[PDB]
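What follows is the residue order along each chain.
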Amino acid sequence: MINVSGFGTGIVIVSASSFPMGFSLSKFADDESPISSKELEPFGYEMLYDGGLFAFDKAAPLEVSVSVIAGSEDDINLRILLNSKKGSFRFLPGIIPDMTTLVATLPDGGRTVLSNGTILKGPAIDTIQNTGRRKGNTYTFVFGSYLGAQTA
Amino acid sequence: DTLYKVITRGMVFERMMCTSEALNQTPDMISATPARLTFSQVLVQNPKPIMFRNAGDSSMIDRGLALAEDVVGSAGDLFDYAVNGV
C-alpha cells in the first residue's frame, strides 16, 4: 500500500521584481504532463589506457516543465513572467536578475524549494487543433540551486 | 639538472627532460584537472659510458690559462700559521 497520487499538488512561485510576493499554481492541464524534469547528470568518467576507470565532477543544471489550462489566470501570470526582459529594471551584482523561487507541495506532505533560476521559454499565443481544442500551454524553467529539501 | 627515465608499457627510454606543461580548467571537469605534458630526449654521443671504480685510476682533465687572482694576506704570517700550527 503505497500512495503515488498527484491530487492536491500546489506550487508557489515568487519573483524579485515582477511578482515580489508571488502567485500560486493550482490549475494543471489535462492532455499534457502537469510537471516534469530532465535527468540530472552531475558526474562523468573517462577510461585510462591501463584498463581502469576515473570518475570526477562536472556542472549540471536543472530544467522543469509546467503545463496549465489555456485561459486560466495562472497562464496569464506565467505569460507575464515570460514577457519581462532581463535588460530592464535595476542592476545589482551577482543575482541573476529576477530570481524566481519555486516552492512545490506534495499531497503526501513533503516540500521542496528551488531557487537561483529564471523562466526560459513558453508559448506566445494559443493554438487550435483539428478537434477545436486549445492546447495546454507549457513553460520551462532553469534552476541552479537545488536546495536539498525533502522534509516530511 | 636531473635527467629522467620513462617506462611506458614495454618501452624504456633514458635521458629525457620535461619541455612543456598545459593545465586546463573547464566546466567539463571541476574535481580533477586535465593536463598535457611533453618530454624531449638529450642527445649525446657514446650512449654507454665507461667508468673506473678507482678515483686515482682515471684520466686527466685539462684546465687552461686562469689567473693567480692574488688577494692574499701576507707572507710571513701565513707560513707561521701553517707550520707553527697557529
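Placed above this text is the structure.
Novice: I tried to follow the nonpolar core on my own but got confused; where do I start?
Specialist: The nonpolar side chains of a soluble globular protein tend to be buried, and buried together. In terms of nonpolar packing, the biggest core is built from 18 residues, with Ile13(A), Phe23(A), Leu78(A), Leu81(A), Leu102(A) and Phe141(A) touching the most fellow members. Leaving out residues up to four positions away in the same chain, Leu78(A) has contacts with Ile13(A), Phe23(A), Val68(A), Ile119(A), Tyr139(A) and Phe141(A).

Novice: What is the right way to look at the pairing of strand 9 (residues 138-147) of chain A in this model?
Specialist: Each regular strand shows side chains that alternate between the opposite faces of the sheet. Here strand 6 (residues 62-67) of chain A runs beside strand 9 of chain A; their pairing, made up of 6 bridges, is antiparallel. Across the sheet, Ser67(A) pairs through a bridge with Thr138(A), a residue of strand 9 of chain A.

Novice: It is not clear to me how the sheet that holds strand 3 (residues 36-41) of chain B should be interpreted in this structure. Could you clarify?
Specialist: Pairing between sheet strands relies on hydrogen bonds along the backbone, with the strands arranged either parallel or antiparallel. Residue and element names in this part refer to chain B. What the 3 strands build is an open sheet, ordered 1-2-3; its pairing is antiparallel. The open sheet terminates on both sides in strands that have one partner only, identified here as strand 1 (4-7) and strand 3. Geometrically, the sheet is characterised by an average inter-axis angle of 65° between neighbouring strands, direction not taken into account. Two elements, strand 2 (residues 12-22) and strand 3, share 6 bridges in a ladder whose sense is antiparallel. Paired with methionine 16 across the two strands is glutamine 41, which belongs to strand 3.

Rules of the game
- Residues numbered from 1 in each chain as written, not as in the entry; some residues may be left out.
- Chains lettered and ligands numbered in written order.
- Part of a larger assembly, values for the part shown.
- Heavy atoms only, no water.
- Core = buried A, V, L, I, M, F, W, Y, C linked by side-chain atoms within 4.5 Å.
- Buried < 20%, exposed > 50% of the residue type's maximum accessible area, 1.4 Å probe, protein only.
- Contact = heavy atoms within 4.5 Å.
- Pairing = 2+ DSSP bridges.
- Helix = DSSP H or I, 4+ residues; strand = E, 2+ residues; numbered from the N terminus.
- Axes fitted to C-alpha atoms, helices over the stretch in contact; angles between N-to-C directions.

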